[PDB]
Amino acid sequence: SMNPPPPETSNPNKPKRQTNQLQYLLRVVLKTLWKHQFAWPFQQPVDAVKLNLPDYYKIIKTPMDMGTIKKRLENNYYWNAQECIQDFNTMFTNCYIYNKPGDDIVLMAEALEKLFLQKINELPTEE
Ligand SMILES: Cc1noc(C)c1-c1ccc2c(Nc3ccccc3C(C)(C)C)c(C(=O)O)cnc2c1
């Protein structure tokens, strides 16, 4: 079968912005997660074809991954921090929805989410 197009990382019709919170999300949160031992399966869109997961995009209709988030941050795609936090949450929830609770990928996601929550706990006040 085929993969869907990936989520957009830029859009001329979407207002763009940089805030200190978004700067923190790229510099501190994304960077910390990106270098984690278990980050790699989350660093790009799920390739359902090459991973032989024909039902993935039948079940997951709002895909998200850290590669997309990284690019969105780099492109000033977001208007605010909440949009970016929502993308992280979508990434984690998708993983928990599609996979079985005791699967390795779920434990990998759980480790990353714990670290994510630790880092966004110190999200600075907006300036
Ligand atoms: C993230 C994510 N969310 O749902 C799924 C499904 C994934 C996912 C899972 C595995 C990936 C993967 N490797 C792979 C393939 C089959 C079984 C087990 C794995 C492990 C646990 C080793 C990662 C790769 C890869 O092998 O490159 C890429 N993306 C994946 C996404």
# chains A, B, ... in the order shown; residues from 1 in each chain; ligands from 1
>>> residues_near_ligand(ligand="ligand 1", cutoff="7 Å", atoms="only C-alpha atoms and all ligand atoms", output="PDB file with N, CA, C and O atoms, in the first residue's frame")
ATOM      1  N   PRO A  41      12.795   5.809  16.698  1.00  0.00           N
ATOM      2  CA  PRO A  41      11.566   5.444  15.981  1.00  0.00           C
ATOM      3  C   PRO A  41      10.578   6.600  15.842  1.00  0.00           C
ATOM      4  O   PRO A  41       9.655   6.517  15.036  1.00  0.00           O
ATOM      5  N   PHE A  42      10.779   7.657  16.626  1.00  0.00           N
ATOM      6  CA  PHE A  42       9.911   8.833  16.617  1.00  0.00           C
ATOM      7  C   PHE A  42      10.485  10.017  15.838  1.00  0.00           C
ATOM      8  O   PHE A  42       9.883  11.092  15.825  1.00  0.00           O
ATOM      9  N   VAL A  46       5.841   7.550  10.659  1.00  0.00           N
ATOM     10  CA  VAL A  46       5.761   6.089  10.591  1.00  0.00           C
ATOM     11  C   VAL A  46       5.636   5.662   9.126  1.00  0.00           C
ATOM     12  O   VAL A  46       4.675   6.028   8.450  1.00  0.00           O
ATOM     13  N   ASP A  47       6.630   4.923   8.639  1.00  0.00           N
ATOM     14  CA  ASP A  47       6.590   4.353   7.295  1.00  0.00           C
ATOM     15  C   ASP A  47       5.871   3.014   7.384  1.00  0.00           C
ATOM     16  O   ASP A  47       6.498   1.968   7.567  1.00  0.00           O
ATOM     17  N   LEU A  51       7.619  -0.830   7.238  1.00  0.00           N
ATOM     18  CA  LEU A  51       7.463  -1.510   8.527  1.00  0.00           C
ATOM     19  C   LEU A  51       6.379  -2.594   8.482  1.00  0.00           C
ATOM     20  O   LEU A  51       6.144  -3.279   9.477  1.00  0.00           O
ATOM     21  N   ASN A  94      -0.921   8.581  19.930  1.00  0.00           N
ATOM     22  CA  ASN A  94      -0.989   7.697  18.760  1.00  0.00           C
ATOM     23  C   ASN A  94      -0.292   6.373  19.032  1.00  0.00           C
ATOM     24  O   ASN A  94      -0.808   5.310  18.693  1.00  0.00           O
ATOM     25  N   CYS A  95       0.893   6.453  19.629  1.00  0.00           N
ATOM     26  CA  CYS A  95       1.685   5.274  19.937  1.00  0.00           C
ATOM     27  C   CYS A  95       0.916   4.353  20.882  1.00  0.00           C
ATOM     28  O   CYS A  95       0.865   3.134  20.670  1.00  0.00           O
ATOM     29  N   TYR A  98      -2.263   2.744  18.939  1.00  0.00           N
ATOM     30  CA  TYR A  98      -2.011   1.725  17.920  1.00  0.00           C
ATOM     31  C   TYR A  98      -1.415   0.436  18.485  1.00  0.00           C
ATOM     32  O   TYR A  98      -1.786  -0.663  18.062  1.00  0.00           O
ATOM     33  N   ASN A  99      -0.481   0.572  19.421  1.00  0.00           N
ATOM     34  CA  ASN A  99       0.293  -0.568  19.911  1.00  0.00           C
ATOM     35  C   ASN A  99      -0.307  -1.196  21.168  1.00  0.00           C
ATOM     36  O   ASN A  99      -1.151  -0.595  21.832  1.00  0.00           O
ATOM     37  N   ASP A 104       7.495  -3.050  23.135  1.00  0.00           N
ATOM     38  CA  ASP A 104       8.731  -2.290  23.337  1.00  0.00           C
ATOM     39  C   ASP A 104       8.566  -0.821  22.955  1.00  0.00           C
ATOM     40  O   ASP A 104       9.000   0.063  23.689  1.00  0.00           O
ATOM     41  N   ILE A 105       7.927  -0.570  21.814  1.00  0.00           N
ATOM     42  CA  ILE A 105       7.711   0.803  21.347  1.00  0.00           C
ATOM     43  C   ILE A 105       6.917   1.640  22.360  1.00  0.00           C
ATOM     44  O   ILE A 105       7.157   2.839  22.486  1.00  0.00           O
TER      45      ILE A 105
END
>>> residues_around(residues="stretch 107-123 of chain A", least_positions_apart="2", cutoff="10 Å", atoms="only C-alpha atoms", output="count of residues only")
34
>>> select_by_dssp(residues="chain A", states="alpha helix (DSSP H)", output="VMD selection string")
chain A and resid 20 to 24 31 to 34 56 to 59 66 to 74 81 to 98 104 to 120
>>> residues_around(residues="residue A:83", least_positions_apart="3", cutoff="12 Å", atoms="only C-alpha atoms", output="CSV table (one decimal) with N, CA, C and O atoms, in the first residue's frame")
chain,number,residue,atom,x,y,z
A,16,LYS,N,2.9,32.9,11.4
A,16,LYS,CA,4.1,32.3,12.0
A,16,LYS,C,4.5,33.2,13.1
A,16,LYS,O,4.3,34.4,13.0
A,17,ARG,N,5.2,32.6,14.1
A,17,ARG,CA,5.7,33.4,15.2
A,17,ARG,C,6.8,32.7,15.9
A,17,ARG,O,6.9,31.5,15.9
A,21,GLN,N,9.0,30.8,24.6
A,21,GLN,CA,8.5,29.5,24.9
A,21,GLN,C,8.8,28.5,23.7
A,21,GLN,O,9.2,27.4,24.0
A,22,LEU,N,8.5,29.0,22.5
A,22,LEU,CA,8.8,28.1,21.3
A,22,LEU,C,10.3,27.9,21.2
A,22,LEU,O,10.8,26.9,20.8
A,25,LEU,N,11.2,25.3,23.6
A,25,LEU,CA,10.7,24.0,23.1
A,25,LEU,C,11.7,23.4,22.1
A,25,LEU,O,11.9,22.1,22.1
A,69,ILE,N,7.8,17.8,14.1
A,69,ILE,CA,7.9,18.9,15.2
A,69,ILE,C,9.2,19.7,15.1
A,69,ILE,O,9.1,20.9,15.2
A,72,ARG,N,8.8,22.0,12.2
A,72,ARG,CA,7.9,23.0,12.4
A,72,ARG,C,8.5,24.1,13.3
A,72,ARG,O,8.3,25.3,13.1
A,73,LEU,N,9.2,23.7,14.3
A,73,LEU,CA,9.9,24.6,15.2
A,73,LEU,C,10.9,25.4,14.4
A,73,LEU,O,11.0,26.7,14.5
A,76,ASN,N,9.4,28.2,12.2
A,76,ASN,CA,8.5,29.1,12.9
A,76,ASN,C,7.0,28.8,12.5
A,76,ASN,O,6.2,29.7,12.5
A,77,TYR,N,6.7,27.5,12.2
A,77,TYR,CA,5.4,27.1,11.8
A,77,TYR,C,4.3,27.5,12.8
A,77,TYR,O,3.2,27.8,12.5
A,78,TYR,N,4.6,27.3,14.1
A,78,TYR,CA,3.7,27.5,15.2
A,78,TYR,C,3.5,29.0,15.5
A,78,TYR,O,4.4,29.8,15.4
A,79,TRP,N,2.3,29.3,16.0
A,79,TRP,CA,2.0,30.6,16.6
A,79,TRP,C,2.3,30.6,18.1
A,79,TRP,O,2.8,31.6,18.6
A,80,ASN,N,2.1,29.5,18.8
A,80,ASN,CA,2.3,29.5,20.2
A,80,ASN,C,2.8,28.1,20.7
A,80,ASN,O,2.8,27.1,20.0
A,86,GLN,N,0.7,20.2,21.9
A,86,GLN,CA,-0.3,19.4,21.3
A,86,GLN,C,0.3,18.3,20.4
A,86,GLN,O,-0.1,17.2,20.4
A,87,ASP,N,1.2,18.8,19.5
A,87,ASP,CA,1.9,17.8,18.6
A,87,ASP,C,2.6,16.7,19.3
A,87,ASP,O,2.5,15.5,19.0
A,88,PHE,N,3.4,17.1,20.4
A,88,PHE,CA,4.0,16.1,21.2
A,88,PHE,C,3.0,15.1,21.8
A,88,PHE,O,3.2,13.9,21.7
A,89,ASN,N,1.9,15.6,22.3
A,89,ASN,CA,0.9,14.8,23.0
A,89,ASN,C,0.2,13.8,22.0
A,89,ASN,O,0.0,12.7,22.3
A,90,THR,N,0.0,14.3,20.8
A,90,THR,CA,-0.6,13.5,19.7
A,90,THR,C,0.4,12.4,19.3
A,90,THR,O,-0.1,11.2,19.2
>>> closest_residue(among="A:18, A:5, A:43, A:84", to="residue A:61", atoms="only C-alpha atoms")
A:5
>>> residues_around(residues="residue A:55", least_positions_apart="4", cutoff="10 Å", atoms="only C-alpha atoms", output="PyMOL selection string")
chain A and resi 1+48-49+59-60+98
>>> write_last_selection(atoms="N, CA and C atoms", output="compact mmCIF listing (two decimals), in the first residue's frame")
# COMPACT_ATOMS: atom_id res chain seq x y z
N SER A 1 0.85 -1.23 0.00
CA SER A 1 0.00 0.00 0.00
C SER A 1 0.87 1.26 0.00
N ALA A 48 4.55 3.07 7.27
CA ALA A 48 3.69 1.88 7.38
C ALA A 48 3.96 0.83 6.30
N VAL A 49 4.51 1.26 5.16
CA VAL A 49 4.81 0.34 4.06
C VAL A 49 6.03 -0.51 4.41
N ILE A 59 -6.05 3.34 11.32
CA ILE A 59 -6.34 3.56 12.75
C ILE A 59 -5.90 4.96 13.20
N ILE A 60 -4.70 5.36 12.79
CA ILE A 60 -4.14 6.67 13.15
C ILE A 60 -4.42 7.69 12.05
N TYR A 98 -2.26 2.74 18.94
CA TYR A 98 -2.01 1.73 17.92
C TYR A 98 -1.41 0.44 18.48
